[PDB]
Structures are given as C-alpha cells and as structure tokens.
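Enquirer: Provided hereafter are the protein sequence and its experimental coordinates.
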Amino acid sequence: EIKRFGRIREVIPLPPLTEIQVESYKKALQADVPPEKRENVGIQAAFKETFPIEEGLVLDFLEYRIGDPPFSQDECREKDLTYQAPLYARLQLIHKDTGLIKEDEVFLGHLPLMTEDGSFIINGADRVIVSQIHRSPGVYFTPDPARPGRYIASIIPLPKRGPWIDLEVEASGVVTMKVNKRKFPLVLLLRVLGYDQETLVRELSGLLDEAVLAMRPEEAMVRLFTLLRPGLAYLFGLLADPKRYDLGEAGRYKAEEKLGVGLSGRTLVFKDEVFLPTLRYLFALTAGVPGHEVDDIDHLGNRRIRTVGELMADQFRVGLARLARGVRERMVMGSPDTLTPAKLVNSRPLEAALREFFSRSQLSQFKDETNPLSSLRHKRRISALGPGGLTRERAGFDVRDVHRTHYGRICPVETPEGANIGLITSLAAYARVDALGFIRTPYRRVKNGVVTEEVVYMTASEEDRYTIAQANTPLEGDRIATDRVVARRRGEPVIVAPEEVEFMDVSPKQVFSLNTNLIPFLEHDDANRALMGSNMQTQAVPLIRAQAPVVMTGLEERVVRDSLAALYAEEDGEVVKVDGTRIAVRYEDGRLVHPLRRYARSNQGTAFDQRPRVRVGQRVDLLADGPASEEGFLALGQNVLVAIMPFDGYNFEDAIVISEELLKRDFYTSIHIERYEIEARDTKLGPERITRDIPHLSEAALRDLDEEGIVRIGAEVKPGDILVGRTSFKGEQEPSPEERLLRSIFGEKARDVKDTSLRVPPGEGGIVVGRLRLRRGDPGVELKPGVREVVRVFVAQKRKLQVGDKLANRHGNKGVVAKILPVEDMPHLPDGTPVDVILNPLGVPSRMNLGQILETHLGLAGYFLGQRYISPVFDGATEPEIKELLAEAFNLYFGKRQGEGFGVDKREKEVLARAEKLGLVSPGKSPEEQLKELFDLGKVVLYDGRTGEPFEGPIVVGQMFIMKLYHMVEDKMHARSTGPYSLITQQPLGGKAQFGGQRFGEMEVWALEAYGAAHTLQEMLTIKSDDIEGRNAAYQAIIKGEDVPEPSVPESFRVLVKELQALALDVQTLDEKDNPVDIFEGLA
Amino acid sequence: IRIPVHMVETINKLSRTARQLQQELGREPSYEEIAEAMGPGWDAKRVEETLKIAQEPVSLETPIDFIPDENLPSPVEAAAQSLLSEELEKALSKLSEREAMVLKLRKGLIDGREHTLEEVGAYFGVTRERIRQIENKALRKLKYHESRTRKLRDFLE
Amino acid sequence: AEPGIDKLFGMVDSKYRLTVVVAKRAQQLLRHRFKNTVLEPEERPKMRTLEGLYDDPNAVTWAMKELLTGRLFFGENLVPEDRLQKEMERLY
Amino acid sequence: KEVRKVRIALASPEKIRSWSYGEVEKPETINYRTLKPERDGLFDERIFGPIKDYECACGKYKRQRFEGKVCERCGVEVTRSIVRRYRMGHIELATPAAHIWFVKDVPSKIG
Amino acid sequence: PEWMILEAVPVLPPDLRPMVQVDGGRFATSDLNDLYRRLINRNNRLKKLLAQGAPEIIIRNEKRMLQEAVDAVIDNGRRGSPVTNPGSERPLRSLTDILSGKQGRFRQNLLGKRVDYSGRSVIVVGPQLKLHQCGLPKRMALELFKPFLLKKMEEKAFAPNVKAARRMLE
Amino acid sequence: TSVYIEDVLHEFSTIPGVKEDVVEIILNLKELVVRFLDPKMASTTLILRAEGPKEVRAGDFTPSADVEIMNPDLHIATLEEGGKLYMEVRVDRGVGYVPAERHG
Ligand SMILES: [Zn+2]
C-alpha cells in the first residue's frame, strides 16, 4: 500500500546523518592513514603544539601508530573493557654526544574507539560523547549593555586554550584592556610593542592622555606585572601555545574579512598583529560609518558546532603536558641507568586524563540506545553545556533572555523541554555537509542541478520557502521568500535562471531535525504540543509486535537503516539460511554467515531483538527486521483503533481507556533486561563464596532450582527468590542468650556463615536469558583487585500493560491507563468491532491545540479502505484529501451491510435525527446519503456495550497511533514500611533487600502544620523518622497491640547538638524555669 | 593509614615495574605476569595484597552522604528480640520449676550465667542422675509442644 | 465527611479543641477496655463486612459518634490527670 | 523531666576539657596497613588499645566484660558511640587560634 | 573572651564507614577526618619542633600552622584545602556548603526528614464513592499496615503468635 | 495453556534452524482453537513430529481424533534444515482470559 502524496522530491535526506560522530573519528583523527598527511588537526597538531618538553637533555616527538585493539568487540561487552585501541609514537632523544636513541614509538598506551554504529563503547557501556557550541573566534566588540559606550570583546582559541582580552571605553581611564582576568590602560600595552608615539598616532587614531608612559619599549613590561596575580608576558601573545587562534577559520580567517587584512597565527606575537586591526577599527567604527557591529546576537555565523574531534582531543593537548612537567621531574632525579626516551613517557598520566573522560565527563550521557532512533538523536542533540562555559541549571547572571530562539532554521524549535531548556536540541536533516567542521551549513537549491550551502550564514539575496511551482517555475508572482529574519512578501527574483542566489526550502522537512519530521500532520498543532512529543518518541518500547503507522513519512526509509537497527546487504544476492539464529549469505564475495542479537542487553531495558524475513533467494535491499521495526518501515508503536468522546469520565483531566482485548492478542507487551551484579571480595576475617549449600535456611526452595550456586537457565523467579546464594564466614554478632534455648530446643545446632545471599530485589518476577561467571588471576578477568568472582546473572521480563503505564501519541497526548475493559462493554460498532481505544477530548485538544485527528479520520480509511499512507510535512495531506479518501471508503463499508444484510436501522437512523437539529446532517435522501456525510469527517453511528443504546451524536473514530512510553509502573514504584533504617543519617535509606525512601522535606511539612496535626506532624521526626528507641517503641508498640506509641525523643538533632558542640558551643537543653536545667540524652 | 617503607618502596616498584613492562609490551600487564618481573615469594596474591591496601585510594571520602547502606542496630530486629524472649516466658509457662529454672541457669537464660550442670546439681540438691533426665525431660517436653503449635519461625533472627 | 461532623465543629469553641477531645475518649475509650463507651443498645456502630460483623476496631469513630449522647463533658475538669486511672480498677 | 527553653552559647576552653572529658591528642592513624579498625590513637574506641584490660571499671554493672585480648563487653561490638556524642580532648596547647570569630567583627575587632 | 583557642574538640563517630560494592565499583572512606588530621599533625609537629630549639622565624611560621590548621574543621573560606593535593578540585566538607551550612545537613534534617511507612505510586481516577475514598492497590497497601495486620491475625484466627506473621508474608 | 519443546529452555529464548523464535511460535499457537467431542474430557494434550525442511502447521500434529482442529494452514513454523521440533502443548477449556497465572 504505497500511497505516495509528496510532490517533487529532490535531494536525499543528507546521506546519512550520523556524521557529527564519525566527523570526529577520522576527518579529525588521522590514524588509519599515512603518518605524513593531515596538517595539524586534532591529534597531529597537539604533538607539535606541545613543545618537546624541555629540561643537552632534549626529547623529540615523531610519528604515531595505532589500531591493533587488544580486545576485539563483543568480548568486551561479555566483560567490560572499552573497545580501546592503543597506539605509540617514536621518541628520539637529543642531548650531548651522538644524541639519539630513536626508540620503538615508546610503546605508549591505549585509547577508546567509535563503532561504525555511531556511538562509543566503555567498560562495556556503549555510551556517547555529544557536541558543544560556543561563540566562535574572531572579534565581537559587543553592544555596551552597561552605558552606551561601544567597546570590544576579544575571543579565545577555544575555551581550554587562551586568554579573554577586551578594550573598554570608560572614563577614569579611556580604555582599560581586560586580559582574560584583568583590566588595564591598553595604551600601556601598545607602547611595549614598538608602536608607541608618532608611529601609531596620526597614522591611525582619552588617547595617549597618559602618553607619559609612551617612552621606552620596556616601561610597562614590568610595570604591568605589578598588578597581576600577587604583585605572564611569555604567553598572552608571544610565542605559540596560549594566545593563538587557528585551524583555518576564526582562529585564523577572522580578521582577513572582518578586521581588514593581514593575518598571523595569534595576536601581538613584542610585534603586534591584531591589537591594531582591532582598535584602528573601533576608532573608525565608533562614530564613523562602517557599522556592522553585529553582536553575536547568538547568530550562528558567530557560533561554532564542535565535532568531538576537538572536544576531548583538545583536552588531549592538556594531558600530553600533564606528562611534560611529569617527566621533567625525570631529567633531574634518577641516574641515567634510569634515563631514556622510554623511561619517562609512562602510560599513567595520559590514558588517565582521558579515561576519566569518556566514563564520567558529563556530556558522555551514557547512550540512550532505547529505540533505534533516540540513540541516534544523541549522536546529535548538541549543547552549549558541559565544561565549555555556558553552564549550570537555571541561569548564571544571564540564561533566560539568552539562548532563546535565534536566527537559525538549521534547527528545530520543538525539542528541548523546560528545565535546562534551549541549551539542548539537535541539528537538522539537510545541515552540515562538506564544511560542518566550522559553523553549520544547510543545503540550498538554485533552480536546477546545482547546490550550495555557505553555512547557515547566507543572508545575502534571500531565499524562497518551497511553495507553488511547475517544472522549475511557478507563477505566484509573489515569491514567498525570505530576507534574514523577517518575511517580506516576495519579489520573484525574475529568472528561472537560478534562485535569487539561493532560494528553495529544497524540501519542507529541512527546517526540523529528524526526531520531528516524523509526525503526521506536524503542521497542525501547537509548537509545545509537538515538543511534548518530539521527545516522547525519544522514549518508546519494543512492543515486539511493532506496526509502522498508517500515517507517516517514508523517512523511516532511513531512521532504521542509518541507525543500523535492522541489518543490510552487499552487491550479489541469494539466501539459503537456517533462520533460527543466523542468516544465509550472499553470492558475490562468497559465503558469509550472519549473527543477530538474541534479545541482548540495552542500557536501560529495551532488550533488542532481531527476528527476520526471507525463505530462499532475493537480493532487492533489506535483511532481517529491527528491534522496533517492520519491513524497513520504522515502526515504533501499535496503531489500534481509537475514538474521541468521554465515558464515565474514566478519562478525566487527561487519561486513556483500554480494552482487555488489547491484552488478548498480546498487542501491548515487551521486555527489559536487568543485569544483576553480585560479588564476594574476601576480607581476612571472613571469606565470601557461593556454595549452593546455603546455611540455616535449607529447603527445596533452593536445592531444586539454584544448586551448585548458579541457577540453570529457564527458571521462573519471583520476589525474594535467591539469585546466586552465597556464604561468608563472618562473625559480627556472636551467640545469643535465650536464643540458645532454641538452637537446641529444635536441634538445628548453630550456624557459622551469615546467610548472605542475593535474593531478587523488592520485586521482579521473571525468567533467565542466562548467567555468567568470573574470577581473579584469569587473563581476561579485569576484576577489581583484591577480589575474586563477579557473578552476573541476567533476567528479562515479558512486560505487559496493567494499569498505569503511559501511552501517548505523536501529537502530544500522554496516556495513563484508566480501567481497561472486558469486551462486553466498549463502543460496539454496528458491525461488532468495538473501539479498542478511547481518548476523550479536553486537556490538550481544545486546550494546547493540535491537528492529529486527521490521523483518525483518514485513519478509518484503513481498517476499511485497506490502504496505509505517506503524509509529508507542510505539503500534501489536507482537509479535502481525506474527503476524496473518505469517499470510496463509505460506499465500501456501507456497501457490505447494504449488500450483506441491512441498510439503515432505528438506532443507526434515529441519531441522524439530532444530526440535523444538531447542526450537521442536511435533510436529504433516505438515511443513506445522510448516514454517509456523517462518515467523511465525523464517524458513523455507534452504540454502547453498557446499556446498549446508541450514542446520540456523530461520534468520531479511527485507528491512529498509540506508543506506550518507558515510564511504566512496575519500574516506577517503591512501597514499604520500616524497611530502610539507615545509620550515620539515622534516617530511612537502608536494606540489603529494600531501598526506597520518600522525602517529606519542607513544604510537605508546612502544608501539614497548616492544620493541627501535632501528634501527626511531630509523629514525623518522632517515631516514624529518627526516635531510634522510638522506632522499636513503634513496631513493638503496635506489633504488641493497643497503645499510643511512646511520646518522643529526636535524634538527628541530638546529632546537631554535638555536631554543633563540635565547635566552641554548648546546648544546655535548658529546663522550664531557668534553674531546672535539663541536658537530656546523656545516657538513659 | 600507616606506611612503613615496607609498601611505598614496594608499590613504587610494582608501579615503576608495571610501567616498566608497559612500554615494553603494549598492554597493561596482569598481576601474576608481574610476579616474574619481581622475584622470590613474589607470586600474585602478595602482589595483589599490596595494591589492595593503599597508595592514595581510600576513596576521596565524600562525593555523590555519598553512600547509604545500614544494619547496625537493626530496628525491626531489636523489636523481634523482646518477642522471642517474652515469647519464651510464655512458652515456659507450661513448665515445671524443677525443669524451667534447670534450663534457665543451664543454657544461661536467667541472667547470663551458663552455670555448669554441677552448679545446677548443688543448689538443686539431687545429684545429676534424675537431673540429667530432667534435662532431656525438657527438650522433648519443649519440642513436642512445638510441632503441634508453631513457633519454629523465631529461629530466623 | 464525618457522620454528623456538622454537629461537631460548632458545638465546641473551635475545630481543633474538638478533634482533640475525640482522640482521647478513644484510647481512653475502647483501648481502655472495649466495653466502655456510653452507647447502650445497637446504636453502637458495627461492621457488617464479608459474612460476619463486629464493632469497628477503629475505636476513633466511636468517640465521634459518642459525642452524640449528652453524656461526656470537656474542659478543665478534675485536675488529677492520674485519677483518670482512678477508674482504672472500677473497669479493671 | 521535660525539655524547655533551649540554652547554648560559649563554653570557655576550660569547658572544652569538660565535655572533652578525656580521650584525644596522640596521632590519628586512620587504621593499620593491616587489621583495618582502631589505630591506638585516632578513632580509637576511647580506652581501647588492642587489649587494655581495663576501663570497664568505670561502669557500675549491667553486664560482664574484660575478655583480655580481642575485645570485651565494650562498645566496639555494641553501643559503640550509639550515634551519641563523643568528645575529643585535643592536645592543643600551642599558641593561639580563632573559632572563625565569624565575619561580622566580633570576639575581637570591636572589643 | 575565651574566644582565643587552646583545645579544638572533634568527635569521631561519623566516619568509620567501610567497603561499598555493586554494579561496576567498591572501596570506602570519609571526610572531616583527613580534614581533621591537618590539625593534630601540626599541633604535634610544633612541640617537638621547638623543644629542639628552633629559633625565631621558623617558630611562628610553624605554630601559626595550627591557626590555619584550625580554620579547617571550621570553615574553608579563603584559599581552599582541596583533596588530591596538589589537586585542583573539590572543597573539604568543613561545615561549609555542608554540615550547619544550607541544604547539606541543617536545611536537610530540620524538615527534609523521612517518614518510614511512606511510599509512592502512579495516578488514576474514576467514580468510586468520591471523597474519603481512595485507590490503593491490595498488595502495595498491605505493608503500610503490616504491623496491626499481624495483630488482628492474633486472637482472631489467621495465626497464633505474631512470631510467624511476616513468616507468612514471605 | 501449556507448551514445551525440547532443546528449548524458555520463552524468551531462540531455536536453531527456526526463523520463528519461541515467542513468535506461541504467538501463532495462541490463536489456534480446537473442539472436543464428549463432555468428560477436561482438557487434553497435543504433539507434533515437526521434522526437517517443510512448512509446518497445525494439522501436522497428532492425527488423533476426539479433538478436531478447525484451523488448517495456520502458519506455525518455518524451519529449513534445522529439523527438530517435537513439542508438548496442553490445550484447555475454560471461560474468559487467564494469562501468566495458571501455569499448565
Ligand atoms: Zn579486654
């Protein structure tokens, strides 16, 4: 059912995204390429930009070598170990006589990698970097927010690599340069730069009002050092390492077009380089004519998207330096026996300043590989957050009026959220090709077979916005085009002979990311509705059944593929196979087996499988399904039927109502895999192990299932069920009194190894996809030293859908199961078919508006009409369309019945009555005609499995889309009693079984005292909180029976007291009339 | 905690050694693999005992009350205590002084004096003979009254 | 809400003072020997649950409803907070 | 009795020692390269130095004790601090100091 | 004006916390102590580094250590005393930002306490008897009431001694 | 109500020379219905010598009568050379819906 709608398709969805990623690894990371090419870039640079660490006594940096991963993939995931790939680099030493020892690359260390996939692998935790942005190099000048006094704002090479210079235009000093962290008479500078008096003045330019200090080329040298750190000129300009901007743009090509002409490779190399092209300008800028003081204004022609190949590689410089002055402490100590270009460079300060990266460098955002998509988005997302300065939650100084919207269509405006808003989103389809390396660049169309995208900066000559046409030229006569930001009517450039230097949306979708261009009438809802949607999709669930939406955009042609969910192919064809687990081959380059998945672990539960398709021989070009997938069509949810209206308000505020039948055919269900890490170190007092001979408690409950420690695969498990029983010698609380009166009374003698076991957490009845054992001294076992064994059994759970999980659609409508119905009830279509799903209006429909619905009506033209459809964005799929479609549909449906048994019934008819009086149906032909219309838009009759009457009103119905996000219930719940009981805190949060909590902290309080819940308010901080004795006084109290459990005695306070008395204080818990004086607590 | 030149000078060894074999191998050598690098007595267990004590780990202390846990004076436990006791007082109701007290002192329930069978025989006149029988006379008369009336759950605590 | 609740809040000096009284003539009540409340015949609330019935062990509600029999007073009466147990023998 | 007005404020060094009562000074071996606990100087259990074989004299009754080596019926096994306060004495006798004397110019500055 | 100081007074309990496993890391230690140490060591090195006649200059430069060493357990408000020294990092929990400070201990255990029969759950709705009525799921519930639960089970059938009780809730 | 296989441990687990996958399998077995002549019969068992390459479907089970299978085609499996499948399914008769609670 390939119902194509989208007219005129040109370029392809920028084959194929997943660039930001690779874009780093390779394009920036030479490596698997000759040791000769690649200018500096990323790694090649650093090395040279890293002076051969000085003390003869002179080291040298020569060539690299990598690859050869000591631990091929998978293995690692079976254990941990990042799929790191070690390197080295030849280092010949220089010094006195015959200065050389050119050692074997100085067998350096390892460095993690990126799987073609489009992510990373660390300690067996496939995670992700993520990009960072920031005002990009050059010169700003900035619009004086203080008091209208236009000055300047100088850049940094990048954050972690330079000073922030500025040249004020104040009063009590006409221009106080601000060096990174500083402020001084810029004039006291230029002096010590050759250009002082006569050589700078009258040639270019409050001036030298302090000319008194424009005499000798050294005056300020020192004179300046006297006001900086304590009462410097080595960097900040001189040499190349600190104040040096480069690459080839901004770092460099900043002046060459903005300042004037005359580049260098930094500034004020003391031979000035830019400190002239800057002020010379502000002088002929302020008051003159050349305005263009176009402040960043967040404009993307001033912002920089940075591919990770500079995110860590930058910090790579800073590390291979945390080794420079780490080795220099080697050229002094340790005789030459202990001296060589192989006795200093150790893999202990390098790999570290990098591993302490991928694993906990924030940004890393342990990949959200949930569905196949989401994940991808991460490889994009993009943020000005992280270590670059633009940072924290809920503002610094400014953040609210800031990262607002912008002037960059090369980005969706419906992806953030609401908290650390804006500072997070994602790039878009057509965007970042060829030169993404510096500033985003959206594709552009120029009337025919040519293309351009000079960054999202091109704001010269305007552009059209994909509307009206006809073989290269429309006829609008009012070209819906755009200049900068506004939206002037037009001015048809004139000649089909190319656009007005660039004009055409090239395609609609280009405006949004990807996590967007995938929702139905995504041109029919509030922005924030979509938003609260273009993130819901971020959280799906492999309902295994999948479906691929009646409505949608074939972009799913990608979604899957480029994210490599399902599989692919290669030239030749012809299968064969066994299916089962693996897959046949090909013909071309010979045979070729084919692994798959086997459910596998995800980084949260997804548990991704890969059932497949085929039977014999066909090569286009797909191959075996995906997790959440169908024949290449990115399926994510289950589009069952649906229908607006209410019912016993079991859909109040904003709720959904399911029909048990939605369980019958196990439509909604899934699976999640939780790895259970359980260990047994071994002190010296007590040695912890795993003999299936668990003490004290000996029962069939064990020996049958577990046995020999590990429990065979295919075992059903429920709460508290031992997972990997164990022992531990341990003698913490020795022999009891009366207890002895029992150890014999029954004669179970005594024990000697505290039960110590695993026992399934609070609750997780499930199965077993297997187990896994480990141990010390082993070659591949990278366990934590001082330990042995690291049992790691796996369990997944055929989910379901009880009563609580979130449903939500694609246009914004979070579910919340109400009370699933047992068939009998429901909306019984005149032909039996009940409405599997409801979704009463109010909430976000009337409120926070949307369109979707067109995903209902056109929908019914599905269970009936029998076709599925493709609905593009800001194009095709419209209000008349559905009609022409709703057409054959009715004739069809009504058809059956009219030729099957009936045509018009009391009920089915009657309604039609109001249909008129209501202000709908036209009083025409017999009930046929009228009953029709109702169709078209509104929905056919319908009755009610309750009373059985009809539903007086042209109700609405139509299979649509239901997702059922991640926020389940069995996973988002923690009920309990005393359970916790923590120490040091003396407040709940403790249990080798439980682990809940529940804060009452503040507010919750207030509102309570708002009334007189004395005994209840106090009750909290009393017994049920930290009365210790009070604790037991409780359980015991009730456990025993009736009695207003004890009054009270705090504790956390008792703490504060001493906690306070810590310092020179005291706390006479002073009593009544002064002299009684009470210091209670002191023993009892 | 305490570092005699017994570990620093040795950790610097395995350290410089691990860093020594490192540049001359390509991968982070194992523990046993270092054994040879060292020598006599230097197997693997000991090489592991050292880098198991300290160098500068002992955690950074408090990042993120960075860690919970508990079980010191267990709440529900100290409550299940008075029960078993008071429970016995009841389970001892259907007993005879010439057996109840005999048990008390014996197993040491009275206060905490696990008096021998001699001390129990002295005060309690009659020599061990009839006493030893009274001893076992209990148990049964104390277990027999169990299978017919649960209480075999107090053992788990 | 509460059975007769409306006959409470006002028939006192102010909210709390009421609730207060209540939760006292409760423990003191049932918790001090079920057979104590003022109610005589069947006016004594019940719990006809499953198949069987019985007085709601939730004492708390007796008092509420107990404050509907002219009996019982409330205020600075009989200072021997202890002697409230002077009956602790006459009712055992 | 029953709590009421909550007093506080200073407690001149003379007082320190009061609460301090005793215990402190010496070194603070945060454990031994060996048997983790104790150190016979820092968080040392008051009068607990491997086998002091004493201190239990201060206690009137309640239960037995004195087990020579290892540990007796002391707190180390049970009642160890019991989350209660335990004051240290500090050996401090060196020159002077300043309890921060805050950030408002008191306990000096003004006076 | 006993504000001058001659006997700081730190407790010991709060620290002696030891080994934490699962998921992916273990090893265990505390702060305020390693923070404390600073002191005693100095105040100890002073005395034995004077008795052996350390004339002028030295003397003060040292001694004062105690002083600075005292602004330790107290309030790290000046240049800082990062751990990992040199260590360009974190702030020693010196009653600042934590303990006594705001939202660390004081702002925490004053109201940020914790019930003990607490808990949570999702959200529903739908005609019942409305008011005084409430969702609540059989099981989930139970526990909250586990106590008395046993109790009633006493005299009234169910079980004998509460001893078991939980023994049946397994 | 209750199935089995042989070389198969549990539901969420694969089968050799079988593209289906257990899950899949039952998820096809579920919609299979039958009839039982006589009222005595409380619930019976069914077998199937599913062997080698073929198509495999319902009526290829035990040729027993007393219980007819009003479902023919009903694509059950698909093995291709990984011949092996002999299974033990237990059919039941009840009233309603009763998943993972009544383990046959
Ligand atoms: Zn002792």
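Expert: That came through fine. Numbering: from 1, shown residues only, chains lettered A, B, ... in the order given.
Enquirer: what's near enough to touch the residue nearest to residue D:24 when sequence neighbours are not counted?
Expert: Of all residues not flanking residue D:24 in the chain, residue D:89 sits nearest, at 3.3 Å (CB to CB, 6 or more residues apart in numbering or on different chains). Heads up, the C-betas are built off the backbone N, CA and C, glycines and all. The contact partners of residue D:89, taken as CB atoms under 8 Å, 6 or more residues apart in numbering or on different chains, are D:16-17, D:20-25, E:7, E:9.
Enquirer: tell me the residue of chain B that sits nearest chain F?
Expert: residue B:153 (28.0 Å; CB to the nearest CB).
Enquirer: state the helix or strand in which the residue in chain D positioned nearest to chain B lies.
Expert: Using CB to the nearest CB, the single residue of chain D nearest to chain B is residue D:31, 4.2 Å away. According to DSSP states H and E, residue D:31 maps onto no helix or strand at all.
Enquirer: quick one, what contacts the residue lying closest to it once chain neighbours are set aside?
Expert: Closest residue in space to residue D:31, ignoring its immediate chain neighbours: residue B:1 at 4.2 Å, by CB to CB, 6+ apart. Counting by CB under 8 Å, 6+ apart, residue B:1 makes contact with B:54, B:58, D:29-33, D:39.
Enquirer: PyMOL command for the buried members of these?
Expert: Remark: buried members of these, expressed as a PyMOL selection using 16 or more other CB atoms under 10 Å in any protein chain shown:
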select buried, (chain B and resi 54+58) or (chain D and resi 29+30+31+39)
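Enquirer: looking at the contacts of residue B:1, which is nearest chain F?
Expert: For those, the nearest to chain F is residue B:58 (43.1 Å; CB to the nearest CB).
Enquirer: can you report how many residues lie near the residue nearest to that closest one when sequence neighbours are not counted?
Expert: Closest residue to residue B:58 apart from its sequence neighbours, by CB to CB, 6+ apart: residue E:29 at 4.3 Å. When neighbours are defined as other CB atoms under 10 Å in any protein chain shown, residue E:29 has 19 of them.
Enquirer: neighbours around residue A:493, how many?
Expert: There are 19 residues near residue A:493, going by other CB under 10 Å.
Enquirer: so the residue in chain B positioned nearest to chain D: helix, strand or coil?
Expert: Here chain B gets closest to chain D at one residue, residue B:1, 4.2 Å apart by CB to the nearest CB. Under DSSP: H, G, I helix; E, B strand; the rest coil, residue B:1 falls in the coil class.
Enquirer: check the gap between the residue in the stretch 201-350 of chain A positioned nearest to chain D and chain E for me.
Expert: Nearest to chain D in the stretch 201-350 of chain A, going by CB to the nearest CB, is residue A:348, at a distance of 22.9 Å. Separation of residue A:348 from chain E (CB to the nearest CB, to the nearest Å) stands at 15 Å.
Enquirer: with adjacent residues omitted, what lies nearest to that residue?
Expert: Nearest residue to residue A:348, sequence neighbours excluded (CB to CB, 6+ apart): residue B:19, at 5.9 Å.
Enquirer: list the contacts of the one you found.
Expert: A:346-348.
Enquirer: mind checking the SS state of the residue in chain C that chain B sits nearest to?
Expert: Using CB to the nearest CB, residue C:31 is the residue of chain C that sits closest to chain B, at 20.2 Å. With three-state DSSP as the basis, the three-state label of residue C:31 is helix.
Enquirer: show me where chain E has helices.
Expert: With DSSP state H applied, chain E shows helices at E:33-47, E:58-70, E:138-141, E:146-153, E:166-169, listed in chain order.
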